[PDB]
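Peer 1: need a structure here:
(one chain, ligands or ions: 3)
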Amino acid sequence: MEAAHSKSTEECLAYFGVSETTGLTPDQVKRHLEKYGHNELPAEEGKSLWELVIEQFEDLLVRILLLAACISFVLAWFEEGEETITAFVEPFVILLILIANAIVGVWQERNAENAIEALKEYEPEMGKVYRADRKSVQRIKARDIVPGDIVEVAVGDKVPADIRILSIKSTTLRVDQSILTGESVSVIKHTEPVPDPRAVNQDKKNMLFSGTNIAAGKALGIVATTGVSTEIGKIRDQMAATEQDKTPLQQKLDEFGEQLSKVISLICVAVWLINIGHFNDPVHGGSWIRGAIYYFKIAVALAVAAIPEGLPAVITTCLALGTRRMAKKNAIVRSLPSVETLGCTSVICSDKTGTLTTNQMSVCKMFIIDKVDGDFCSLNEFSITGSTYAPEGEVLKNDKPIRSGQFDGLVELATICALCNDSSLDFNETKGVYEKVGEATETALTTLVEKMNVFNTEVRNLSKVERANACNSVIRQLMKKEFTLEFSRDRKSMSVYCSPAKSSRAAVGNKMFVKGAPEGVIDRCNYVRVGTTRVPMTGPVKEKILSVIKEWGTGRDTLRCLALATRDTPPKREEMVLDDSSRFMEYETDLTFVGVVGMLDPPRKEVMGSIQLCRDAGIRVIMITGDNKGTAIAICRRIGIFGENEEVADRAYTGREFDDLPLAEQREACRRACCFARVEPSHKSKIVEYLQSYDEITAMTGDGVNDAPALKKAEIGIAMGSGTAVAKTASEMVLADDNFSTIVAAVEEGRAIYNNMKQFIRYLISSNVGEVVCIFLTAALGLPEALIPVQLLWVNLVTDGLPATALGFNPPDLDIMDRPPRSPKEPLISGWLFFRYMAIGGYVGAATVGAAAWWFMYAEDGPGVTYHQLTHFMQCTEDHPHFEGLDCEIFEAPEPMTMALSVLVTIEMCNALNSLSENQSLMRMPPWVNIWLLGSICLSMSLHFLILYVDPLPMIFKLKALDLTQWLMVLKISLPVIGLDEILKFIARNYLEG
Ligand SMILES: C/C=C(/C)C(=O)O[C@@H]1C[C@H]2C(=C1C)[C@@H]1OC(=O)[C@@](C)(O)[C@@]1(O)[C@@H](OC(=O)CCCCCCCCCCC)C[C@]2(C)OC(C)=O
Ligand SMILES: [K+]
Ligand SMILES: [Mg+2]
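Peer 2: Numbering: from 1, shown residues only. Ligands and ions are numbered 1, 2, ... in the order given. Sharing the structure here:
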């Protein structure tokens with residue numbers, strides 16, 4: 001039963017048909033349980049090693065390798081008895097690759113954490129009900145509570161379900177709904193129904209939300225909803241229904257796999273055609289078994305050559321580094337793949353209070369009425385100093401200090417500020433600072449009181465531990481606070497019924513002290529206190545009052561104002577029902593205005609600039625605040641969301657206005673809006689959807705469990721470090737200092753990261769392109785494998801990885817934050833850059849094949865078969881008399897392979913230098929720009945020699961050191977690459993719209 005809040009205590013007992021005195025019966029219990037199910041959120045997502053591990057082998061690339069590893073394994077164990085036992089080091093390495101990346105995927109995910117799982121931390125294990133099967137209370141398991149049965153809760157207890165309160169046993173019930181609603185201060189509950197059927201949780205004063213805590217009291221109530229139908233359950237459902245897309249890069253990876261898959265097979269078709277003559281050859285002899293082995297060994301090589309096996313390692317090590325780098329700047333990024341999406345954010349929705357402002361209130365101006373006479377009128381504005389809650393400052397009229405006592409209007413303004421106030425101050429030795437006790441806007445008022453001690457009471461003769469609440473406790477012993485009418489958004493105010501202490505003063509006694517939003521409070525005033533006297537509130541004086549409030553809340557001050565009043569002759573105590581906030585506005589009427597106080601929540605230093613950066617970066621910044629409209633705008637101008645004189649009519653909306661619109665304009669408002677005031681949880685999710693309907697990468701801030709649905713729906717959920725853990729676990733990033741600027745600093749790094757990341761990716765991908773061209777030639781000619789999978793792997797993993805990771809530390813462009821947000825759909829390689837790698841690839845594929853074919857033909861160390869189709873090498877033993885008057889093992893020589901392998905290795909180091917910049921020539925951007933790059937190249941080259949000399953290595957890599965004259969052959973073949981590209985870059989920079 002929803003809406004329980006708008007129903008009466010009786011109607012709820014009626015609906016379920018249960019007795020507040022007996023509690024459901026067992027027949028009612030088991031029946032309700034088969035209709036409402038158990039009181040608990042659904043289980044977890046069932047994924048097992050079998051299932052988990054599978055995916056790790058779902059990726060097309062991985063699939064392709066797994067296959068190749070097999071063909072390899074088969075051949076590897078299907079040749080000579082011991083011609084080279086190392087026949088197995090090929091399939092084994094591939095497997096280790098796949099195996100290792102899987103062990104990564106698994107360990108990776110296992111250390112993840114579900115935001116929905118985090119919700120269960122708010123489910124109590126036990127609960128307390130009164131059922132017919134016993135007169136005394138039973139402490140059962142929460143999971144077994146049902147809609148309708150009578151529940152009992154008290155201090156310390158965590159609410160087990162959404163409960164409609166029946167009767168409060170204590171004198172007051174206080175609940176900590178921080179997580180849901182938000183208000184961190186314990187809020188007061190009642191029993192009377194809330195009219196509005198569509199009331200927001202914050203106003204369901206007669207409800208207990210499952211998951212919240214009883215800060216103070218004991219109550220009895222009936223369970224309205226259970227499990228998934230509770231406020232928090234409704235939230236779990238939204239998060240479960242949320243589906244996150246794949247990072248643009250992750251999409252590009254799948255798309256790239258789908259292609260690489262096609263090209264490969266197309267090459268096979270082509271290759272098969274190139275050697276179609278085999279179908280016009282002898283009907284006997286040859287070797288269908290040897291030619292086959294050949295085409296299969298080409299398959300496996302082709303595959304190893306087409307996939308960037310070192311990329312996974314390079315990409316993660318790059319992100320891991322950035323991550324740590326951002327943490328140093330207070331941006332904790334959980335989910336490495338997010339660093340990217342982060343960088344492309346186009347819109348940022350930020351909560352104001354804790355992140356755009358400091359949330360450290362302080363009163364700057366006061367004002368009481370000085371004189372009313374006819375239509376003449378004169379106020380007594382003031383100004384106050386001190387931005388800290390610290391009791392140190394001065395009050396001033398026209399910048400000139402003053403002793404507040406000389407004014408009676410201030411004597412009262414202060415008393416009201418000290419009595420109608422649930423908060424306070426406290427000094428600590430730990431940090432020697434004065435800390436806010438209750439709430440921020442109230443803890444500021446107690447502070448104001450100290451700074452204007454109306455009575456001049458001595459205090460410099462007091463420490464700081466007592467200086468805290470000194471001038472306040474005086475006013476506290478001057479009146480006796482009978483009771484307080486707590487704040488409610490309907491009347492936008494709160495009051496307190498005090499009664500004079502002793503007879504010493506006993507001045508008319510029983511006074512009512514109210515403080516609230518001006519509009520409301522001033523309307524309920526029929527009088528105005530001028531110092532010590534009273535006069536009837538009149539139109540003139542009213543205008544003069546509202547005006548100053550508008551200038552303080554709209555003007556460049558952007559101050560939040562609080563009207564302060566007193567009800568001189570309040571109703572008789574007996575005639576008041578202190579337990580139905582519905583009658584409180586009635587009690588707070590026929591008031592006399594005593595003064596207003598305007599306080600300020602200061603923007604943070606770094607925020608002003610940060611807002612500017614977003615402008616230059618093409619990132620839209622949307623403020624989400626509580627402050628009423630008009631004032632919200634003021635705040636936006638003050639921080640730069642709006643220009644002091646910039647129009648804002650259509651760029652600012654209130655939760656109401658927005659709801660009042662049709663899906664049509666609701667969506668339109670979102671593309672141009674920049675300020676949302678008096679919002680609501682429902683809105684944050686709606687606002688994201690719209691922003692998304694414009695393919696905008698939006699980041700959203702939040703911190704309570706009520707923000708999690710939206711935090712998880714945005715492209716980047718940003719949680720506050722001081723926020724709940726649920727908020728955190730549902731966001732991709734956490735602000736250690738809750739500072740907005742931290743966000744911008746993070747988006748920047750993101751853009752940086754992607755830029756280098758984008759280079760080394762192009763680099764590795766390009767090398768694969770060439771490696772493949774090589775393999776395509778070696779086989780389209782019918783010549784000996786110039787390159788082996790084992791070597792290719794070593795290169796794609798080790799020799800090329802080092803330079804690739806180095807490219808991760810490439811200097812960041814200085815204009816990063818001056819260009820708009822990168823389009824997610826922008827391809828890593830297309831247009832001219834494509835053609836370049838197309839060509840470069842074509843080059844290394846030739847250099848490598850030719851390099852090895854050179855040591856065969858034109859070599860001084862090996863028998864050069866000159867220009868005689870050395871390809872038919874397949875037929876030597878059988879035809880040792882037709883063009884073969886020499887050995888036949890020369891075709892499996894190590895020299896020709898180390899020849900082609902070394903041209904690759906060096907062409908790669910050259911390419912790793914052509915990758916320091918997409919278009920800038922090496923003369924303009926020299927290799928030394930990135931020390932790491934050069935240094936890594938030495939480790940690569942030497943590591944190359946490591947496998948040419950050290951025993952095990954060469955033997956198993958099919959490599960044998962080459963002399964100082966062959967090496968020069970390498971340099972002559974490879975080095976030119978730097979030139980080929982320099983030319984292509986020149987074409988891009990000059991003869992090309994770039
Ligand atoms: C690979 C070997 C051979 C023999 C081959 O044939 O590669 C072809 C050629 C083509 C592509 C292939 C499939 C790609 O297919 C695509 O769909 C595109 C449009 O990606 C693609 O066209 C380009 O690659 C790219 O843009 C960058 C793709 C980057 C993919 C990985 C992104 C990062 C993944 C991160 C995961 C966390 C250009 C590319 C290669 O040609 C040239 C000259 O670069
Ligand atoms: K998200
Ligand atoms: Mg919140």
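
Peer 1: going forward, measure contacts and count neighbours with C-alpha atoms only.
Peer 2: Fine.

Peer 1: Pop the domain breakdown of the chain in here.
Peer 2: Segmentation of the chain into domains, based on curated CATH domains, reads 12-54+113-240, 55-112+241-345+746-994, 346-358+603-745, 359-602.

Peer 1: For residue 5, which of those domains is the nearest?
Peer 2: Comparing the domains of the chain by their distance to residue 5 (CA to CA), the top pick is domain 12-54+113-240, with 5.7 Å.

Peer 1: is ligand 2 contacted by the closest one?
Peer 2: No - applying CA under 5 Å from the ion, one finds domain 12-54+113-240 separated from ligand 2 by no less than 10.2 Å.

Peer 1: Endpoints of that domain, how far apart?
Peer 2: From its first residue to its last, domain 12-54+113-240 covers 31 Å (CA to CA, to the nearest Å).

Peer 1: got it, and stretch 648-657?
Peer 2: 14 Å.

Peer 1: Identify the residues contacting that stretch?
Peer 2: Contact partners of stretch 648-657, identified using CA atoms under 8 Å, 6 or more residues apart in numbering, comprise 628-629, 633, 642, 669, 672-680, 683.

Peer 1: so which of these is the most crowded?
Peer 2: Tallying neighbours with other CA atoms under 10 Å puts residue 676 at the head of those, with 30 neighbours.

Peer 1: so that one touches residue 622, yeah?
Peer 2: Yes - assessed by CA atoms under 8 Å, residue 676 is found in contact with residue 622 at 7.5 Å.

Peer 1: I figured residue 405 hits residue 451, correct?
Peer 2: No - taking contacts as CA under 8 Å, residue 405 lies outside contact range of residue 451: 11.7 Å.

Peer 1: which residues in the stretch 651-800 of the chain form helices?
Peer 2: Taking DSSP state H, counting those that start in this stretch as the test, the helices found in the stretch 651-800 of the chain are 655-659, 663-672, 681-692, 708-713, 725-729, 740-781, 789-794.

Peer 1: Just the closest residue of the protein to ligand 2, please.
Peer 2: Closest to ligand 2 within the chain is residue 712: 3.8 Å, counting by CA to the ion.

Peer 1: Which residue comes closest to residue 369 once chain neighbours are left out?
Peer 2: Nearest in space to residue 369, with sequence neighbours left out and distances taken as CA to CA, 6 or more residues apart in numbering, is residue 379 at 4.6 Å.

Peer 1: Which positions within the host helix or strand of that neighbour qualify as buried?
Peer 2: If you go by DSSP states H and E, residue 379 is part of strand 376-381. Residues of strand 376-381 classed as buried by neighbour count (16 or more other CA atoms under 10 Å): 379, 381.

Peer 1: Neighbouring strands - and their directions - for it?
Peer 2: In the sheet, strand 376-381 lines up against strand 363-373 (antiparallel) (DSSP bridges).

Peer 1: So for the strand it pairs with, what gets flagged as buried?
Peer 2: Under the neighbour-count criterion of 16+ other CA under 10 Å, strand 363-373 has 363, 364, 365, 366, 367, 368, 369, 371, 372 buried.

Peer 1: Now for the residue of the chain closest to ligand 2, how many residues are close by?
Peer 2: 26.

Peer 1: Could I get the full set of helices for the stretch 101-250 of the chain?
Peer 2: Using DSSP H, counting those that start in this stretch, helices in the stretch 101-250 of the chain cover 115-119, 231-240, 248-274.

Peer 1: Now tabulate these in JSON lines and tack on distance to ligand 3 and mean neighbour count.
Peer 2: Below are the helices of the stretch 101-250 of the chain laid out as JSON lines (distance: least, CA to the ion, whole Å; neighbours: other CA atoms under 10 Å):
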{"stretch": "helix 115-119", "distance to ligand 3": "16", "mean neighbour count": "19"}
{"stretch": "helix 231-240", "distance to ligand 3": "14", "mean neighbour count": "19"}
{"stretch": "helix 248-274", "distance to ligand 3": "30", "mean neighbour count": "15"}
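
Peer 1: Let me have these in a markdown table, extended by distance to residue 597.
Peer 2: Listed next are the helices of the stretch 101-250 of the chain as a markdown table, based on distance: least, CA to CA, whole Å:
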| stretch | distance to residue 597 |
| --- | --- |
| helix 115-119 | 41 |
| helix 231-240 | 37 |
| helix 248-274 | 51 |
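
Peer 1: May I see those helices organised as JSON lines, with distance to ligand 1 added?
Peer 2: Output for the helices of the stretch 101-250 of the chain, formatted as JSON lines (distance: least, CA to the nearest ligand atom, whole Å):
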{"stretch": "helix 115-119", "distance to ligand 1": "23"}
{"stretch": "helix 231-240", "distance to ligand 1": "24"}
{"stretch": "helix 248-274", "distance to ligand 1": "4"}
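
Peer 1: Now do the contacts for the residue nearest to residue 369.
Peer 2: Shown in contact with residue 379 (CA under 8 Å, 6+ apart): 367, 368, 369, 370, 371.

Peer 1: I figured the fourth one was touching residue 378, is that so?
Peer 2: What that stands for is residue 370. Yes - using CA under 8 Å, residue 370 makes contact with residue 378 at a distance of 5.4 Å.

Peer 1: Deepest in the core, which of the domains of the chain is it.
Peer 2: Most buried of the domains of the chain by mean neighbour count (mean count of other CA atoms under 10 Å) is domain 346-358+603-745; its value is a mean of 21.

Peer 1: What distance separates the opening and closing residues of that domain?
Peer 2: End to end - CA to CA - domain 346-358+603-745 spans 14 Å.
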